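What follows is a single structure, written as structure tokens, with notes after it.
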Amino acid sequence: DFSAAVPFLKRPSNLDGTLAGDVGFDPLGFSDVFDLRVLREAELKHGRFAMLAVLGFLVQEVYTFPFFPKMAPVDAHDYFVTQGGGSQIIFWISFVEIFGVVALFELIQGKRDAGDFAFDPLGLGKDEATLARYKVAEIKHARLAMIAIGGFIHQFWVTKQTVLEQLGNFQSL
Amino acid sequence: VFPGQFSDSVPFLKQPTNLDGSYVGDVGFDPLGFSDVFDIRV
Amino acid sequence: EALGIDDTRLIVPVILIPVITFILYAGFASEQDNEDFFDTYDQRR
Amino acid sequence: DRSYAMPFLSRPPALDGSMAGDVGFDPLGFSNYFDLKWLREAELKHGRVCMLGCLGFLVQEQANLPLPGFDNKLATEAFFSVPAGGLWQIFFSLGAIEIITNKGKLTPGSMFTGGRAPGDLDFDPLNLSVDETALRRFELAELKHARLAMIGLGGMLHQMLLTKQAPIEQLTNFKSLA
Amino acid sequence: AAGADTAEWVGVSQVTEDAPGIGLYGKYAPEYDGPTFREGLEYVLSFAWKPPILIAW
Amino acid sequence: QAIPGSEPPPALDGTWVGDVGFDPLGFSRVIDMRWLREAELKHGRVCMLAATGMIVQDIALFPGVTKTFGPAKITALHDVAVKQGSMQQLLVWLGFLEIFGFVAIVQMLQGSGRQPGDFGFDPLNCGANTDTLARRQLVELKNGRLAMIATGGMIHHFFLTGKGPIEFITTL
Amino acid sequence: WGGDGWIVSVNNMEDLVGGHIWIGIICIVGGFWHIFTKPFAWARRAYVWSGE
Amino acid sequence: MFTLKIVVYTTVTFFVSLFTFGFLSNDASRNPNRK
Amino acid sequence: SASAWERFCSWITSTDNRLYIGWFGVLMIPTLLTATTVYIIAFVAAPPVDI
Ligand SMILES: CC1=C(C#C/C(C)=C/C=C/C(C)=C/C=C/C=C(C)/C=C/C=C(\C)C#CC2=C(C)C[C@@H](O)CC2(C)C)C(C)(C)C[C@H](O)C1
Ligand SMILES: CC1=C(C#C/C(C)=C/C=C/C(C)=C/C=C/C=C(C)/C=C/C=C(C)/C=C/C2=C(C)CCCC2(C)C)C(C)(C)C[C@H](O)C1
Ligand SMILES: CC1=CCCC(C)(C)[C@H]1/C=C/C(C)=C/C=C/C(C)=C/C=C/C=C(C)/C=C/C=C(C)/C=C/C1=C(C)CCCC1(C)C
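Residue numbers (the authors' numbering), protein chains in the order written: chain 2, 44 to 216; chain 5, 32 to 73; chain w, 69 to 113; chain 3, 45 to 222; chain S, 115 to 171; chain 4, 53 to 224; chain c, 206 to 257; chain i, 1 to 35; chain a, 10 to 60.
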């Protein structure tokens with residue numbers, strides 16, 4: 044049984060296909076050694092951080108709060124290192140992921156699904172077919188935004204201009 | 032207005048438990064229930 | 069200068085440490101019988 | 045068997061739901077390694093101290109006793125403005141209260157050996173909570189107020205330490221940090 | 115003499131029983147029969163010197 | 053029946069004035085019904101009197117009150133009258149009445165027999181008979197809700213424009 | 206120690222007389238206290254109850 | 001010099017407290033003729 | 010079974026210690042060790058004193 048995505052590679056033995064986005068893509072085979080649930084937790088959390096970061100880059104480029112100074116998103120990082128807002132942000136992220144550690148321990152013990160914090164306040168996903176479709180869409184968007192946030196940061200690093208600014212005048216060098 | 036037994040002075044409050052009416056000046060006016068906590072004689 | 073105390077921060081340990089030792093001693097004493105006896109000393113512990 | 049407060053976590057084994065204020069919120073599992081009576085006693089004592097502390101934070105700035113050294117609306121500086129001898133008299137009086145109300149049982153290994161509910165210091169001069177359901181409702185209200193007052197006392201104390209301004213005065217004269 | 119011990123002096127509250135946080139009994143005081151205080155302190159210390167973090171990987 | 057998609061809470065099962073099954077958030081699940089209905093009638097009556105008084109204040113004032121309070125209405129009127137002591141007197145006497153209201157609520161919740169909002173204040177025996185009493189209950193509740201929304205409208209209109217009720221609706 | 210002297214350094218008769226008033230009050234109050242009380246449990250555990 | 005003073009005060013108070021509450025802990029019973 | 014303070018008192022007043030500590034030893038051991046330490050170091054290397 045070869046992989047659905049990679050036709051010349053065998054399907055990994057731990058990737059049965061029940062997970063969302065499980066197309067069989069694992070050339071290096073990290074799922075053969077490390078736990079698949081923990082890997083999906085890390086993937087989903089990386090993707091959620093990246094999606095929020097991409098939306099934040101777009102919004103920060105298009106609109107900054109009037110009581111904050113106007114500047115690019117990437118070099119604001121040192122400004123909030125000095126000012127103290129970034130310390131607050133990482134403080135609250137650490138506070139949430141202190142309980143995230145307990146959730147990860149319960150994931151290790153097998154009493155929790157991977158990436159399932161049961162956070163559905165608006166009740167968007169309740170039907171099982173819609174829930175599976177939303178899982179697939181969420182993982183695809185997570186991967187796309189994980190690529191996109193690094194794209195944005197590196198393009199700003201090489202071109203010294205933001206995203207929509209670069210889409211304005213496409214300077215090639 | 033609604034049916035039910037209430038105090039003679041205040042018509043929306045019931046007659047207090049320890050204000051039976053034997054003592055003079057008793058129109059059944061004890062909203063906070065001081066007679067329920069302490070003795071009526073004192 | 070009472071008890072040689074010139075800074076009010078010195079009073080914190082002088083009062084605090086006996087409180088903790090008294091808490092331990094009070095656990096010990098609450099474990100006891102604590103009724104009167106007629107003898108030179110109490111043999112119950 | 046998920047907890048109500050943490051839907052993604054399992055319910056703690058010692059938090060069945062019989063104790064008041066229980067929504068299964070013990071993520072770190074303190075109830076698995078500590079006496080829940082001791083934990084509830086500590087929670088209630090902290091909460092009552094903080095309720096009276098928030099009341100004092102709100103009252104001292106608007107009204108103070110007409111005594112020398114007693115004119116300081118900033119309570120953190122009022123701790124150092126009031127003479128320390130009276131503060132230690134307060135400390136020893138509250139210590140005597142602690143001795144009397146616990147029957148001399150102060151350690152975790154002796155406080156509940158005689159038989160006593162956590163937080164039950166025999167204080168209900170209005171003879172309330174004779175009704176069991178009213179007792180449960182009052183316990184939930186007391187616990188919610190205890191937690192809210194702990195958080196509020198922490199916040200007001202930190203704001204007074206940083207901005208050097210008393211409460212509500214800080215609300216009317218809101219100066220954002222530099 | 116009074117005591118407020120008559121069978122009408124009861125507490126009142128707007129909260130129904132179905133609201134979360136209400137216990138089953140008034141004053142439960144559970145029997146512990148668990149790990150000692152020293153073991154609890156060792157558990158709080160193990161929060162620091164062996165958190166369940168790198169056991170995931 | 054208010055919202056066809058959803059369902060009323062089990063506390064909303066008729067036998068109450070104004071029960072059209074409208075409670076989507078579920079306040080009656082965690083709050084007692086008597087307290088909720090007492091609060092609804094209290095807010096409704098307060099807003100009824102407030103809206104009528106605001107209309108009267110923007111129409112015609114008392115003799116000699118403009119000499120002291122000046123041309124101040126609504127919020128400026130409140131800010132001057134707290135210093136004058138009118139609002140202090142209102143607070144003292146209305147809290148004094150609310151003491152008896154509080155023990156009425158307590159006796160209702162412990163089972164004296166009174167209904168929410170029933171203070172026994174019926175001079176002239178108006179609307180004390182037959183179905184007229186129930187019709188007056190429904191009218192009082194609906195007009196209290198309407199006056200609540202109208203009072204909010206008046207307060208926010210003075211917040212936005214700085215004008216009273218009868219002059220904002222004529223000087224758009 | 207030197208320069209302080211504990212209670213040896215009483216240098217005026219006002220302090221002497223006032224503290225003797227204090228000693229008399231304290232002694233009388235404690236005397237009535239001991240006439241009307243019996244030693245507490247900590248004192249009963251602490252001391253040896255014999256003439257010697 | 002104040003830090004050393006408070007350390008010394010803490011140490012002296014700690015040891016004197018141990019002494020005081022140890023001799024209060026039914027010291028007369030701690031003899032081989034008890035019971 | 011006993012309280013922590015009771016076990017501490019049993020260890021302090023223990024006859025099984027190689028050197029008996031006791032409650033008087035609680036005051037004695039640190040005082041004598043402090044005096045011994047200061048005496049040794051001040052006897053070895055201490056600057057002259059204006060007696
Ligand atoms: C038990 C008992 C009885 C009793 C009793 C008694 C004495 C009951 C007393 C109860 C009390 C005093 C409760 C007080 C609670 C205070 C709280 C929750 C404060 C929260 C602060 C907050 C939210 C805040 C804040 C803020 C922060 C942090 C930042 C600021 O910038 C803003 C702000 C200010 C908003 C009686 C006598 C009846 C008898 C009965 O038989 C037995
Ligand atoms: C350090 C630093 C910062 C920083 C920072 C940060 C956050 C830097 C983050 C950098 C990131 C996230 C880079 C990500 C790169 C992702 C790549 C190249 C994926 C390629 C995927 C491919 C090619 C897929 C290929 C494919 C595969 C395999 C599957 C399908 C086929 C195909 C599509 C071809 C700041 C900004 C905070 C400032 C601070 O002062 C300094
Ligand atoms: C101010 C001044 C100027 C000149 C004249 C004047 C009289 C006025 C003078 C003094 C006035 C006044 C108020 C003097 C007061 C003196 C006082 C309070 C003396 C009290 C001393 C207390 C002493 C020893 C305590 C001894 C007890 C001890 C160790 C412990 C006993 C026990 C316990 C409790 C712990 C364990 C060990 C043991 C033995 C079981």
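Every residue gets a Cβ at the ideal spot worked out from N, C-alpha and C, and that includes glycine.
At 8 angstroms on the CB atoms, spell out the chain 4 contacts of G35 (chain 5), in chain order.
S164, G165, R166
Below 7 angstroms CB to CB, which residues in the same chain sit around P57 (chain 3) once its five sequence neighbours on both sides are set aside?
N76
Residue from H239 (chain c), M218 (chain c), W227 (chain c), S255 (chain c) whose Cα sits closest to the Cα of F106 (chain w)
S255 (chain c)
Distance between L95 (chain 2) and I196 (chain 2) (C-alpha atoms, nearest Å):
14 angstroms
Neighbour list for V158 (chain S) in chain 4, Cβ cutoff strictly below 8 angstroms
In chain 4, no part has a C-beta under 8 angstroms from the C-beta of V158 (chain S); the shortest such distance is about 35 angstroms.
Is there a Cβ from chain 3 that is less than 8 angstroms from the Cβ of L92 (chain w)?
yes
Give the residues of chain w in contact with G153 (chain 3), contact being defined as C-beta atoms less than 8 angstroms apart.
Within chain w, the residues near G153 (chain 3) are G95.
Pick helix, strand or coil for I83 (chain 4), following the three-state DSSP scheme.
strand
Sequence-distant residues of the same chain with beta carbon closer than 8 angstroms to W82 (chain 3), five excluded per side
Closer than 8 angstroms at Cβ, skipping near neighbours: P152, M155, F156, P162.
Rounded to whole angstroms, what is the Cα-Cα separation between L165 (chain 2) and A97 (chain w)?
58 angstroms
Decide if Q214 (chain 2) is buried, meaning its Cβ has at least 16 other Cβ atoms within 10 Å, or exposed.
exposed
Can you give me the Cβ contacts of residue 217 (chain 2) inside the same chain, cut-off strictly under 8 angstroms, excluding the 5 residues immediately before and after it?
Only positions 44 to 216 of chain 2 appear in the structure, and residue 217 (chain 2) is not among them; the question remains open.
Does any residue of chain S have a CB that is nearer than 8 angstroms to the CB of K81 (chain 3)?
yes
Cutting at 7 angstroms between CB atoms, please list the residues of its own chain near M206 (chain 4), excluding the five before and the five after it.
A103, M106, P217
Going by beta carbon distance, what residues of the same chain come within less than 7 angstroms of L82 (chain 2), once the five residues before and after it are set aside?
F73, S74, listed in sequence order.
Go ahead and label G158 (chain 2) buried or exposed: buried means 16 or more other beta carbons lie within 10 angstroms of its beta carbon, across all protein chains shown.
buried
Among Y9 (chain i), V16 (chain i), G22 (chain i), which one has its Cα closest to the Cα of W20 (chain a)?
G22 (chain i)
Any residue whose CB is nearer than 6 angstroms to a heavy atom belonging to ligand 3, listed in chain order:
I212 (chain c), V215 (chain c), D220 (chain c), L221 (chain c), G224 (chain c), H225 (chain c), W227 (chain c), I228 (chain c), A251 (chain c), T20 (chain i), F23 (chain i), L24 (chain i)
Got a sec? Which residues, its chain only, sit under 7 angstroms from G179 (chain 4) by beta carbon, not counting five neighbours each side?
Taken in chain order, the residues that qualify are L185, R188.
Any C-beta of chain S within less than 8 angstroms: which residues of the stretch 172–188 of chain 3 qualify?
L172, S173, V174, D175, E176, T177, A178, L179, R180, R181, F182, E183, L184, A185, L187, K188
If contacts are defined as beta-carbon pairs under 8 angstroms, then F171 (chain 4) and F43 (chain 5) qualify, I think. What distance do you get, rounded to the angstrom?
5 angstroms
Apart from the five residues just before and just after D70 (chain 3), which ones in its own chain have a Cβ nearer than 7 angstroms to its Cβ?
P56, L59
Would you report the Cα separation of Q203 (chain 3) and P211 (chain 3), rounded to the nearest angstrom?
Cα to Cα, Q203 (chain 3) sits roughly 8 angstroms from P211 (chain 3).
Can you name the residues of chain a whose CB is closer than 9 angstroms to the CB of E69 (chain w)?
Contacts between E69 (chain w) and chain a, judged by CB atoms closer than 9 angstroms, are missing: the closest CB pair is about 23 angstroms apart.
Just to confirm, are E87 (chain 3) and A190 (chain 3) a CB contact at a threshold of 8 angstroms?
yes
Taking its Cβ as the centre, do 16 or more other Cβ atoms sit within 10 Å of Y139 (chain S), making it buried, or is it exposed?
Classification of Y139 (chain S): exposed, given that the 10 Å Cβ count is below 16.
From the beta carbon of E103 (chain w), is the nearest beta carbon of chain a less than 8 angstroms away?
Answer no: the Cβ-Cβ gap between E103 (chain w) and chain a never drops below 8 angstroms.
Would you check if the distance between the CB atom of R97 (chain 4) and the CB atom of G196 (chain 4) is smaller than 8 angstroms?
Result yes, Cβ atoms of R97 (chain 4) and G196 (chain 4) sit closer than 8 angstroms.
For ligand 1, is there a heavy atom less than 7 angstroms away from the beta-carbon of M200 (chain 3)?
yes
Chain-ordered chain S contacts of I151 (chain 2) [CB-CB under 8 angstroms]
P166, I169, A170
Exposed or buried, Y93 (chain w), counting other C-beta atoms within 10 Å across all chains shown (16 or more means buried)?
buried
Per the DSSP calculation, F45 (chain 2) is bridged to which residue(s)?
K53 (chain 2)
At a CB distance below 7 angstroms, what residues from the stretch 137–161 of chain 2 approach chain 3? Give them in sequence order.
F142, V145, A146, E149, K154, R155, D159, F160, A161
Use the C-beta contact count for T203 (chain 4): other C-beta atoms within 10 angstroms, 16 or more gives buried, fewer gives exposed.
buried
Using a threshold of 8 angstroms, state whether the C-beta atoms of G137 (chain S) and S220 (chain 3) are closer than that.
no
Environment of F138 (chain 2) [buried if 16+ CB atoms lie within 10 Å]
exposed
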